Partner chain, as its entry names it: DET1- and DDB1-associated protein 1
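Just the one chain here, laid out as structure tokens, in the form solved without its partner chain.
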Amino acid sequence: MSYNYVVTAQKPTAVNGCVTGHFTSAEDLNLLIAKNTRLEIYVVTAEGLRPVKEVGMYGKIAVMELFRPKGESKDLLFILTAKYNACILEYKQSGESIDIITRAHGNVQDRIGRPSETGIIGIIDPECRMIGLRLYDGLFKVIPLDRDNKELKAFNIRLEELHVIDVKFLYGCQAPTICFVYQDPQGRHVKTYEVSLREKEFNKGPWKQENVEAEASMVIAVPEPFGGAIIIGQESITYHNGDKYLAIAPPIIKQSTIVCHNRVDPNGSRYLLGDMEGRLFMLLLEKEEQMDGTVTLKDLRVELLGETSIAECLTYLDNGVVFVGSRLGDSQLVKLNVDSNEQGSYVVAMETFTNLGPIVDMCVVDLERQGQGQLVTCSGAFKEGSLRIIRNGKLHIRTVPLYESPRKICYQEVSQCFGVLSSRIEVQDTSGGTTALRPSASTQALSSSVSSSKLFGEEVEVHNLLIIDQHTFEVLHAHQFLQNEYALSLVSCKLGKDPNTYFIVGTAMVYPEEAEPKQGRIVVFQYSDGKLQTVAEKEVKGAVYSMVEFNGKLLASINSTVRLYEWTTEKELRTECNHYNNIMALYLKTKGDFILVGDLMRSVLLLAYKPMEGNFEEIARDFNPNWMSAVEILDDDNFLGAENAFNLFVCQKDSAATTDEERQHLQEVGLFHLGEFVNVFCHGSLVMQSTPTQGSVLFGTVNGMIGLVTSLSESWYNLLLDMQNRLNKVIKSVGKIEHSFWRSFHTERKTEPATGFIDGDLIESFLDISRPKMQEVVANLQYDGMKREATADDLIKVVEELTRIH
């Protein structure tokens, strides 16, 4: 009895895969970018990337590789999904029509097993003879690669080393050989195997096991003529080729950890590296000609090329042009010059790509239109944090950098300002105090202040409240909290009969010695006259996880307690009532007089306020062990939430249940596989303001996607479900992946068909197909006061009306 409709208003932008190769043509250089469910194919030229193709897949791309088996004019693509859908695709161009044809497809899931801690790993042998996958600990899956293997039949091989950290195939080996770094109680080791397909077994490799450094984490396969492997850890870089062994411990890389790499020269003379702080290094291998023609490695060197965004995956295109894709900041194209600038950096920025993710919080405000809404989101992290303003024109997006990590945001209309909670990192000072790393927005404010106190070289968090103008977005004011204080919640509202407006902040006192904080504050600030002043302050034995305004009162969550405060004429917070729960009330929502309380393990609770008694009263509950990330209220009966495996669920309460037990339990009436980690819910719309859809909820996720959810009537739900079923039989999905399987509710132990949700993307795709296909779809269909044979025109009008909402 949910009848919901979910659509995507902004496609995901975070980049998690990038590959290069001759894909669309043997004479062309192609760059493929995988962003969660989307695959983008560009052709690289002198000017830069030229978009060519863009497709959407029924899955989260977890592995992507290009291989060219013998007898192929151009390379093929191999993709794996988080649900273990494997597909081999080819790019075929016919005239002006471009399409991707599934060379092969299959499912490579095992009935019994446990996913590995380090995650899925996929590799393709250099000779293009087999595909090796690592999905479950203690097993190694092999797919033979033959032209007549369209079903992708795979066989498992036993692996003695349970904890495998890394593994890769080696170049220039007579038979398929794999070198892998694993761990055991003695330490970390590097070992080699040779894979026998005829017997489906492992055989002793060329060189035996060698004890490696206690933090080795990365393995790079050096191509011919050197061969062997290069192992990269925190404090050293080593090269193994059997008898040969050459290591170095440069003092430059000890600051951070290298977490990505990419070969530059075809022969492997040089390689790139990037660390978590953005640094970009170039590793050089020195070639030795020996004395009989044969060549061998001679020495290694490291040089700091410079600084860029927080790189997730590097790639070198040509002529020094390097594409740096980032999961936290904005993907860039940079140029590597031969002469450093005045500062010394060799990297020069060329372009930038918008990336809203990760969206940790958002709000909907009406700035100037007065009839059309706009979105303000806190994106990025570390030196990538910023504010994003989004409005309908495609979507117009504006950026405001901060150079620190924003966490929360709220809008105060009266003072025409935004209040933002932010945090920055400071290095401890051997002489006492703390030292900043770079100029952040929290330190460049025109006026600043520090809270009044009451009651080495290690990073320390410093939290600040920033007051920013709504027109110029300049940092009007900054405020700093005490040491060892963590700001969690932020709220703007009036209270009682007080006509003023305040910012209310909850903070918890945390020390690195106690599990629970056991101490915290609630602070009420007022902004006026261009100055910020602390109006009120109160102390609570606990941590304020969340706060809301509740009919002129203040509702707060302190550890496992829900407390209601009233605002007195003396400008102080006077306790009104308490209610003790068994679960940490993290997520708090309110509507009318009903309150929704949720914790991190999907324990939903419903409460009501009784003015006659002035105390709460439990109404309904729902406990089911699973990870929850968000929760929202659609109406007085239905509740929406996001839970583990990137799933959406909708619960309902039966008001007219006959017995107390029946009405004391919530029913689960909607399940859906969104494919995104929803992070925040909000109420609003991005279109100008009787209609089939009632309500509108905007949700923001980690990958940077924005989605919209609305309700429906039963007849429309039935019609759209029938249309969806009809469409699933005429749409050529990429990789031949069933829509029902893709959208099926998924967990590690349970799997149910999707119910109660209508996929907006599939319905809106009805307009792209050709007219004959439209006619075929509506064949033998009924539509509306007397039902009649439906016509394509009616469904087209319905689809336009639906797509007009977002």
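Just so we're on the same page, rigid core means the largest C-alpha set that superposes within 1.5 Å between forms. Numbering follows the first chain given and starts at 1.
Trainee: Does residue 783 go missing in at least one third of the other entries compared here?
Mentor: Comparison shows residue 783 dropped in at least a third of the other entries.
Trainee: Taking the other PDB entries of this protein that cover both neighbours, check whether residue 431 lacks coordinates in at least a third of them.
Mentor: Per the records, residue 431 goes unmodelled in at least a third of the other entries.
Trainee: What size is the break between residue 689 and residue 690 in terms of deposited sequence residues left without coordinates: none, 1 to 3, 4 to 9, or 10 or more?
Mentor: In the deposited sequence, 4 to 9 residues between these two have no coordinates.
Trainee: Could you tell me how many residues of the deposited sequence sit unmodelled between residue 293 and residue 294 (none, 1 to 3, 4 to 9, 10 or more)?
Mentor: The entry has no unmodelled residues between residue 293 and residue 294.
One more form of this protein should be noted, the form deposited with its partner chain bound, which is absent from this view; the next part is about it.
Trainee: Verify the flagged residues 446, 522 and 696 against its partner chain in the deposited bound form: is each one within 4.5 Å by a non-hydrogen atom?
Mentor: Not one of the three qualifies.
Trainee: Which one of these stretches, 474-482, 331-339, 713-721, 529-537, sits within 4.5 Å of its partner chain in the deposited bound form when only heavy atoms are counted?
Mentor: Result of the contact check: 331-339.
Trainee: Which residue, 221, 124, 548, 321, is the contact with its partner chain in the deposited bound form, using a 4.5 Å heavy atom cutoff?
Mentor: Going through each option in turn, the one that passes is 321.
Trainee: Between the options 300, 436, 389, 154, which residue brings a heavy atom to within 4.5 Å of its partner chain in the deposited bound form?
Mentor: Contact residue from the list: 154.
Trainee: Is residue 65 near its partner chain? Define near as a heavy atom within 4.5 Å, in the deposited bound form.
Mentor: Looking in the deposited bound form, residue contacts with its partner chain do not include residue 65, since no heavy atom lies within 4.5 Å.
Trainee: My question is simply whether residue 610 lines the interface with its partner chain in the deposited bound form - judged by any non-hydrogen atom within 4.5 Å.
Mentor: Residue 610 lies outside the contact set for its partner chain.
Trainee: Contact with its partner chain in the deposited bound form for residue 572, defined as at least one heavy atom pair within 4.5 Å: yes or no?
Mentor: No, residue 572 is distant from the partner.
Trainee: Please determine whether residue 204 contacts its partner chain in the deposited bound form, using a 4.5 Å cut-off between heavy atoms.
Mentor: No, residue 204 is distant from the partner.
Trainee: What residues, if any, in 85-117 have a non-hydrogen atom within 4.5 angstroms of its partner chain in the deposited bound form?
Mentor: The stretch touches the partner through 101, 102, 103, 104, 105, 106, 107, 108, 110.
Trainee: Out of 578, 472, 73, 713, I need the residue that shifts by 2 angstroms or more at the Cα between the shown form and the other one, core superposed.
Mentor: So the residue whose C-alpha moves 2 Å or more is 578.
Trainee: On a core-based superposition, does residue 127 travel 2 Å or more at its Cα between the shown form and the other one?
Mentor: No; that C-alpha moves by less than 2 Å between the shown form and the other one.
Trainee: Checking residue 364 here: with the core superposed, does its CA move 2 Å or more between the shown form and the other one?
Mentor: No, its C-alpha moves less than 2 Å.
Trainee: Taking 2 Å as the cut-off, check whether the CA of residue 517 shifts that much or more between the shown form and the other one after a rigid core fit.
Mentor: Indeed, residue 517 is displaced by 2 Å or more.
Trainee: Given that the shift is 3 Å or more, do the Cα atoms of residue 152 and residue 673 end up closer or farther apart in the deposited bound form than in this form?
Mentor: Pair moves farther apart in the deposited bound form.
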